[PDB]
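The structure appears right after this line, and notes come after that.
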Amino acid sequence: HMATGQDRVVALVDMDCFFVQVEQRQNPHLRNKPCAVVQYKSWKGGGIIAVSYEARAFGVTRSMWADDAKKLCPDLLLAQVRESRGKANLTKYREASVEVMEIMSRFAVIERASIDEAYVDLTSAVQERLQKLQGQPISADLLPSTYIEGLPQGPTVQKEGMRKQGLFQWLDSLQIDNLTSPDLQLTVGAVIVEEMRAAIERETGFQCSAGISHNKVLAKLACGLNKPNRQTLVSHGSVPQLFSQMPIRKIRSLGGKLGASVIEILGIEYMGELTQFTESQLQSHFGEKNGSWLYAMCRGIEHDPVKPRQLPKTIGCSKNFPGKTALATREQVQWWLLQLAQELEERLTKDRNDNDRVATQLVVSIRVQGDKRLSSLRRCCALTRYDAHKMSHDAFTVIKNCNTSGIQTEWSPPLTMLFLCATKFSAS
DNA sequence: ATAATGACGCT
DNA sequence: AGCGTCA
Ligand SMILES: Cc1cn([C@H]2C[C@H](O)[C@@H](COP(=O)(O)NP(=O)(O)OP(=O)(O)O)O2)c(=O)[nH]c1=O
Ligand SMILES: [Mg+2]
Ligand SMILES: [Mg+2]
């Protein structure tokens, strides 16, 4: 009577080193080389926000300064984020994202989960492919980039060798009917994801990885296991061994404080150890929702549905003014607000044309010097007009009372961040 | 002095 | 509404 959470087929498709592929497609000289994407350039070469797998082999990572990365990888090639109105501008990658999401949209209902990934609910697609195939077995040729997590088992030294032995074992169990209806559905799901990824690559030039499983969390976890340019099937049966040495922080939403307290309070390291607690016990420690969610999740069960949403819910831009650069005059604050408001306007206008909708709320966020928190303060106002001067004016209006300076011009405390967000969209 | 962002829960 | 979490 226990629903094992094998009702759905869900996939997570995530692009490999995405911003790097976008720059490598446009500049062929960067292809198949250690490469990274940096923003800003004058401070220690710029901050790295995407790294190719060639560069990763030298230990180059995100957030590294480019000057440091070059110490690790002397031949590292760099591409810079477009700069516009004094700030980083991500338009090229937003546009490339749209290319990818629109292709995926052709196959099924997707939930845009980031600029470079979406969840796919393939349950319905699998059923109709299952009927269309009469009853013929699934061939290994239908899954040329697929890993079956946990296989091979029992009675080859190179990686593609292992992949095939695992797949051969899985497929041979499938046709002997030694697996389950859920396992077949996952397999069929994976054939479709092969097709989605081939379409993505053919039509964009971008490579990507995927996870196929019964829920979003497992699909996400599965994606990462065999990056790059591979997809991974994580079956319900693979979960006990998978989770038995799986650090807790690796599962989506447990990488922060909650996962830390799980570890700390329960005295555990791995996701599987959670199974020994009653749901009521988990709820007593982490609350009703988290308790329930953890109780089901450590058994590979999760119910969050793939939401039908291809478009971002908000449209925002921000700039940090770290340390000495912190804004400390009124006309500094006003001028940057206008820069933000101006980017926002052209993005909102593009949004209104493409997607037939209008934002109706403007949100202003600031960081003050000394504050740890991402936002020191949030205020909102009406967004009734896509006008940069009005939006910036209205944004100033609603924060100007933060100026503790008795002096007219000076701004105190100095602002370490400005952030404008358009929200509360409605059909237009 | 990672930066720029986006989704969402809580009260 | 305004703040806190996680990525
Ligand atoms: C996590 C993260 C990503 N990005 C950008 C750069 C990435 O290329 C793009 C997709 O994020 P990602 O999937 O987490 N990383 P990746 O696509 O570069 O590499 P891979 O997914 O590990 O293959 O989003 C940032 O600009 N700041 C970030 O903190
Ligand atoms: Mg990616
Ligand atoms: Mg991603």
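In what follows, chains carry the letters A, B, and so on, assigned in the order in which the sequence lines appear, proteins first and then strands, with residues in each chain numbered from 1. Excluded from the calculations below are hydrogen atoms, water molecules and symmetry mates; all remaining heavy atoms, backbone and side chain alike, are included.
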Is [X] salt-bridged to [Y], going by a charged N under 4.0 Å from an acidic O?
X: A:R25; Y: A:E99; result: yes
X: A:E95; Y: A:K350; result: no
X: A:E83; Y: A:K41; result: no

Using whole Å, report how far [atom1] of [X] lies from [atom2] of [N].
X: A:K216; N: B:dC8; atom1: NZ; atom2: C1'; result: 11 Å
X: A:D116; N: B:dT5; atom1: CG; atom2: P; result: 16 Å
X: A:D304; N: B:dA7; atom1: CG; atom2: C1'; result: 11 Å
X: A:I115; N: B:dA7; atom1: CD1; atom2: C1'; result: 15 Å
X: A:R112; N: B:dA7; atom1: CZ; atom2: P; result: 6 Å
X: A:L374; N: B:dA7; atom1: CG; atom2: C1'; result: 13 Å
X: A:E288; N: B:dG9; atom1: CD; atom2: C1'; result: 15 Å
X: A:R367; N: B:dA4; atom1: CZ; atom2: P; result: 11 Å

Any side-chain donor-acceptor pair under 3.5 Å between [X] and [Y]?
X: A:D16; Y: A:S209; result: yes
X: A:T423; Y: A:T314; result: no
X: A:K319; Y: A:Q339; result: no
X: A:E194; Y: A:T146; result: yes
X: A:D183; Y: A:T180; result: yes

Please tell me if [X] has a side-chain N or O lying less than 4.0 Å from either OP1 or OP2 of [N].
X: A:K319; N: B:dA4; value: yes
X: A:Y40; N: B:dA4; value: yes
X: A:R94; N: B:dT5; value: yes
X: A:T314; N: B:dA7; value: yes

Sugar-phosphate only, base, or nothing, as touched by [X] at under 4.0 Å among non-hydrogen atoms:
X: A:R373; result: sugar-phosphate
X: A:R347; result: sugar-phosphate
X: A:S318; result: base
X: A:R309; result: sugar-phosphate

Legend entry - Heavy atoms of other groups near A:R249 CZ, more than 12 under 6.0 Å: no

Inset, instruction - May I ask you to decide if the ring planes of A:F206 and A:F18 are parallel, tilted or perpendicular, using 30° and 60° as cut-offs? - result: perpendicular

Legend entry - P gap between B:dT5 and C:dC6, integer Å: 23 Å

Legend entry - Nearest-angstrom distance, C1' atom, B:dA4 to C:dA7: 13 Å

Inset, instruction - Under 3.5 Å for both distances, Watson-Crick or G-U wobble, that's the pair rule; now give the dot-bracket for DNA chain B, with | marking pairs to another strand and [ ] for crossing ones. - result: .....||||||

Legend entry - Residue met sooner reading DNA chain B from 5', once A:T325 and A:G316 are mapped to nucleotides: A:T325

Inset, instruction - Would you mind telling me which residue lines up with the more 5' stretch of DNA chain B, A:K289 or A:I48, judged by nearest nucleotide? - result: A:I48

Nearest non-hydrogen partners of [X] and [Y], listed with the distance:
X: A:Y270; Y: A:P247; answer: CD2-N, 3.8 Å
X: A:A326; Y: A:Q332; answer: O-OE1, 4.3 Å
X: A:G45; Y: A:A66; answer: O-CB, 3.4 Å

Legend entry - Sub-4.0 Å heavy-atom contacts from residues 375-383 of chain A onto DNA chain B, ordered by number: none

Inset, instruction - Please determine, for the side chain of A:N320, which listed nucleotide (B:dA1, B:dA4, B:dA7) has the closest atom? - result: B:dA4

Inset, instruction - Between B:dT2, B:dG6, B:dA4, spot the one nearest the side chain of A:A88, thanks. - result: B:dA4

Inset, instruction - Could you tell me from which nucleotide to which nucleotide of DNA chain C, 5' to 3', there is an atom under 4.0 Å from chain A heavy atoms? - result: C:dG2 to C:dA7

